[PDB]
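In what follows, a structure is listed as structure tokens, so that the remarks can point back to it.
For neighbour counting, all protein chains shown are included, and Cβ atoms are generated from backbone atoms with ideal geometry for every residue, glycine included. FYI, it's all coordinate maths here, none of it is from the lab.
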Amino acid sequence: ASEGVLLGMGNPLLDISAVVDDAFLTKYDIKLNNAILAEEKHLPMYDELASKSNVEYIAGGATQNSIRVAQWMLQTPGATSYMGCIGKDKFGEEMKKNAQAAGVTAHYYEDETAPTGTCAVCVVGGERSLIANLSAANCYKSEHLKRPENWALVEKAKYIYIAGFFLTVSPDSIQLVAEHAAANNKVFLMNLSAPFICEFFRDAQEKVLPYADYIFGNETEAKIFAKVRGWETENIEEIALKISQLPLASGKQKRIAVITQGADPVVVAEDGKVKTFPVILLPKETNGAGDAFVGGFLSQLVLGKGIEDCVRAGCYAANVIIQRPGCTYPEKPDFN
Amino acid sequence: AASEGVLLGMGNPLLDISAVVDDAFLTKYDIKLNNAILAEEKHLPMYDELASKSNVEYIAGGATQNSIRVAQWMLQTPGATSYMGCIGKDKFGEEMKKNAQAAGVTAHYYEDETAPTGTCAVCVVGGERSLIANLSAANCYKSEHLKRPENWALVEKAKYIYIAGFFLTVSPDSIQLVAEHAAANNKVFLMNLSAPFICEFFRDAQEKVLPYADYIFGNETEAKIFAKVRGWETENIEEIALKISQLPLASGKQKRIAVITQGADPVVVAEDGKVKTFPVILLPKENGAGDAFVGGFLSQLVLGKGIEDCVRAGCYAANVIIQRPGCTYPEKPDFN
Ligand SMILES: Nc1ncnc2c1ncn2[C@@H]1O[C@H](COP(=O)(O)OP(=O)(O)CP(=O)(O)O)[C@@H](O)[C@H]1O
Ligand SMILES: Nc1ncnc2c1ncn2[C@@H]1O[C@H](COP(=O)(O)OP(=O)(O)CP(=O)(O)O)[C@@H](O)[C@H]1O
């Protein structure tokens with residue numbers, strides 16, 4: 001677990017989590033077990049959540065959550081890094097404060113006008129309501145990555161994880177680091193989180209797939225990925241195998257596809273074979289479970305462990321996060 | 001014979017810089033034909049090279065704006081169409097205003113104070129093309145522009161309002177405001193399934209606007225993905241079109257018409273619980289075909305014509321645009 005051994009790049013959103021009541025949900029007309037794009041009526045909501053003393057600020061975003069969970073799972077200081085776009089405002093300073101507290105060496109790109117991306121995480125029991133305002137998170141430029149103090153994080157990194165969503169924000173950055181990983185013996189990892197499915201983004205994803213050593217995804221993302229490229233099969237075990245056997249780049253030898261199915265087992269394809277991994281629960285046990293699974297998987301991958309340890313750690317971290325308000329965790333882990 | 005501003009469009013405007021190119025140009029900038037590539041930044045050496053070419057053509061593009069220009073060209077009545085979208089304060093923004101005025105579209109653009117105007121290089125060789133789109137200011141539209149009286153007057157004047165599904169990612173407030181207004185003031189709100197959604201932020205935003213859609217346009221790929229997202233196991237495009245037309249309707253919305261194109265294969269239309277097939281009829285000795293189909297369909301819909309006339313006009317306009325470099329057309333149409 002060397003300095004900056006694992007790097008992430010994505011859309012950072014400051015998650016403003018707080019336990020709410022019926023009056024709050026009725027006031028802003030927001031329903032539980034739902035995630036909506038933020039509107040004008042939901043913009044003054046971030047001030048009412050701040051006025052609550054029990055508010056929790058977290059440097060969120062799908063990839064950043066995976067990086068924080070990996071840092072928490074590893075515990076070695078300075079092992080993780082992250083790059084993403086934020087705004088020059090109070091929420092941007094809270095993002096920098098929380099990333100430092102989580103142990104992540106974050107080098108953010110500050111946009112000169114777009115305010116920092118935020119996500120209200122309203123909690124009642126186990127249920128949640130997400131209201132994301134992406135705003136600055138979609139303004140990352142490759143000029144930031146190409147600067148020497150930020151490109152040093154790529155050079156230091158052995159494992160680089162980038163979500164498929166980043167292909168819509170900065171396709172130059174993902175392609176540049178994926179090609180660099182193939183040339184300098186680094187492991188490039190990615191996921192099938194491609195919300196937009198246009199010809200522009202399909203061809204952008206087609207160009208980065210050969211450079212992916214690991215492709216993470218969930219049953220819904222994998223089934224849609226299969227239907228897009230004409231694969232008629234619907235069996236998740238067959239789709240995972242077909243993902244692992246996609247064309248490989250010159251600097252690659254094999255690919256591992258990890259498809260989670262929530263409660264159902266985690267499916268892993270490797271060396272032309274598919275293995276099933278039943279989910280093991282914690283003593284007396286969905287928001288951000290996928291992000292926490294990738295985080296736990298990345299931690300054991302960094303330590304040079306076998307696939308079974310990576311799946312068990314992923315499931316452990318996903319089980320911890322779902323029993324907590326948001327993508328939070330205790331001080332130290334209890335995994336083996 | 002259509003009234004002033006009877007048809008309005010809202011979207012992501014991009015100045016399409018079209019030009020016929022050769023092998024040396026495609027090799028120089030490493031760009032492939034029949035490929036849609038994103039441009040994180042304007043490649044100035046390429047853009048300036050295109051601007052210095054014989055038969056270089058500037059067009060006020062963008063999927064929705066193309067449909068509006070094709071509808072204006074098909075109608076021929078001056079002042080019948082309107083359009084609102086975000087542009088930058090630069091030379092390409094002035095060329096967008098010049099071409100929209102030439103195309104006969106009353107365009108009221110929102111000028112961003114820093115993001116440069118969205119552009120798209122349309123490198124055409126024979127029948128094939130290569131799109132290199134830099135969205136930039138097109139993704140910066142704010143509902144404050146729509147709510148201004150000189151711009152809201154275009155909504156009030158409009159009987160038919162067409163907005164692409166992709167615009168939900170840019171301004172979901174503007175779509176919800178005009179879709180709910182159309183239901184309250186007996187106006188026809190039309191939309192398409194462009195860039196189908198997989199993330200819950202964008203899926204729930206689309207779920208909120210579907211009841212307000214009187215017409216839903218789409219292609220076989222968009223419709224098949226839309227069906228797989230919401231658990232519809234059927235793959236038959238005729239069954240999918242019927243299921244789209246029978247989605248929940250908003251108060252005071254009696255019916256929905258779903259139009260699913262299949263390229264060469266017939267156009268599928270669902271109406272009053274029945275699906276009708278329309279074979280594509282070609283012109284004597286025969287990208288952007290979908291945009292031109294919607295444009296031709298909108299023109300006859302404005303004139304209060306039957307569905308068969310709308311499909312024939314849509315196919316006529318699509319067949320003209322595909323035998324021209326880009327989404328261009330002759331002075332007057334030949335469809336009666
Ligand atoms: N109901 C459940 N019970 C226990 N563990 C669960 C679970 N749902 C998910 N998990 C854990 O989370 C991991 C990832 O689950 P899943 O694939 O559903 O995530 P996701 O990111 O797609 C879901 P969401 O949309 O709820 O954020 C699983 O491999 C498992 O370890
Ligand atoms: N090969 C072909 N020959 C003739 N007409 C065609 C055609 N492909 C498309 N069209 C015309 O264009 C209309 C829309 O076609 P389609 O559904 O393929 O558009 P689209 O916008 O999805 C395609 P693209 O990705 O190429 O821009 C059809 O209804 C038909 O009138």
Original post:
Of all residues in region A:169-199 being crowded, with 22+ Cβ neighbours inside 10 Å and assigned to a helix (DSSP H, G or I), which is farthest from the other protein chains (Cβ to nearest Cβ)?
Top reply: A:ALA181
Original post:
Can you tell me which residues in region B:228-268 are within 16 Å of ligand 2 (Cβ to nearest atom) and either within 14 Å of another protein chain (Cβ to nearest Cβ) or at positive phi (or both)?
Top reply: B:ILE237, B:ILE240, B:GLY263
Subject >> Condition check for A:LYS254: more than 10 Å from ligand 1 (Cβ to nearest atom), of a type outside the set (A, V, I, L, M) and not in a strand (DSSP E or B) >> reply: yes
Original post:
What single numbered condition from (1) closer than 22 Å to A:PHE225 by Cα; (2) surrounded by fewer than 18 Cβ atoms within 10 Å (Cβ to Cβ); (3) not charged (D, E, K, R) fails to hold for B:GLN206?
Top reply: (2)
Original post:
Out of the residues in region A:210-225 that are more than 12 Å from every other protein chain (Cβ to nearest Cβ) and surrounded by 19 or more Cβ atoms within 10 Å (Cβ to Cβ), which is farthest from the chain's Cα centre (by Cα)?
Top reply: A:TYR211
**OP:** Among what's in region B:109-121 and is β-branched (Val, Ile, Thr) and touching a helix residue (DSSP H, G or I) at 6+ places or on another chain (Cβ under 8 Å), pick the residue that is farthest from the other protein chains (Cβ to nearest Cβ).
**Re:** B:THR117
Original post:
When you scan region B:62-91, how many residues do you find that are in a helix (DSSP H, G or I) and either out of contact with any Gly (no Cβ under 8 Å at 6 or more places or on another chain) or basic (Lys, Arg) (or both)?
Top reply: 3
Subject >> Residue tally, condition under 16 Å from A:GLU206 (Cα atoms) and either among the small types (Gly, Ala, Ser) or part of a loop (DSSP other than H, G, I, E, B) (or both), over region A:219-251 >> reply: 12
Original post:
Give me the pairs: first residue in region B:163-192 and under 24 Å from B:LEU14 (Cβ atoms), second residue acidic (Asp, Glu), beta-carbon distance under 6 Å, and six or more apart or on different chains, which are they?
Top reply: B:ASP173/A:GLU39; B:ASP173/A:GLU40; B:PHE189/B:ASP214
Original post:
Give me the pairs: first residue in region A:19-42 and within 10 Å of another protein chain (Cβ to nearest Cβ), second residue exposed (fewer than 12 other Cβ atoms within 10 Å of the Cβ), beta-carbon distance under 8 Å, and six or more apart or on different chains, which are they?
Top reply: A:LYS41/A:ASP29
**OP:** Report, by residue number, each residue of region B:122-167 that is within 13 Å of chain A (Cβ to nearest Cβ), closer than 22 Å to B:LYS208 by Cβ and assigned to a helix (DSSP H, G or I).
**Re:** B:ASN139, B:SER143, B:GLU144, B:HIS145, B:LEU146, B:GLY165, B:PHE166, B:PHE167
Original post:
Given (1) surrounded by fewer than 17 Cβ atoms within 10 Å (Cβ to Cβ); (2) touching a strand residue (DSSP E or B) at 6+ places or on another chain (Cβ under 9 Å); (3) more than 22 Å from B:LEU146 (Cα to Cα); (4) within 14 Å of chain A (Cβ to nearest Cβ), where does B:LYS89 come up short, assuming only one miss?
Top reply: (3)
**OP:** Go through region A:263-279 residue by residue and tally those that are more than 8 Å from ligand 1 (Cβ to nearest atom) and surrounded by fewer than 12 Cβ atoms within 10 Å (Cβ to Cβ).
**Re:** 4
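Residues are listed down the side, and each one gets a yes or a no for (1) within 12 Å of ligand 1 (Cβ to nearest atom); (2) farther than 16 Å from A:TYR161 by Cβ; (3) surrounded by 15 or more Cβ atoms within 10 Å (Cβ to Cβ); (4) more than 14 Å from chain B (Cβ to nearest Cβ):
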{"site": "A:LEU281", "(1), (2), (3), (4)": "yes, yes, no, yes"}
{"site": "A:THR286", "(1), (2), (3), (4)": "yes, yes, no, no"}
{"site": "A:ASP291", "(1), (2), (3), (4)": "yes, no, yes, no"}
{"site": "A:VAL294", "(1), (2), (3), (4)": "yes, no, yes, yes"}
{"site": "A:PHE297", "(1), (2), (3), (4)": "yes, no, yes, yes"}
{"site": "A:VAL302", "(1), (2), (3), (4)": "no, no, yes, yes"}
{"site": "A:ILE307", "(1), (2), (3), (4)": "no, yes, yes, yes"}
{"site": "A:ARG324", "(1), (2), (3), (4)": "no, yes, yes, yes"}
Original post:
So which residues in region B:269-279 are within 16 Å of ligand 2 (Cβ to nearest atom) and either within 14 Å of chain A (Cβ to nearest Cβ) or under 22 Å from B:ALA179 (Cβ atoms) (or both)?
Top reply: B:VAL269, B:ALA270
**OP:** Starting from region A:295-318, keep only residues that are outside any loop (DSSP other than H, G, I, E, B), then list their pairs with residues that are surrounded by fewer than 24 Cβ atoms within 10 Å (Cβ to Cβ) and among the charged types (D, E, K, R) whose Cβ atoms are within a distance under 6 Å, requiring at least 6 positions of separation or different chains.
**Re:** A:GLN300/A:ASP309
Original post:
How about region B:30-57: which of its residues are out of contact with any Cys (no Cβ under 8 Å at 6 or more places or on another chain) and part of a strand (DSSP E or B)?
Top reply: B:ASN35, B:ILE37, B:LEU38, B:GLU57
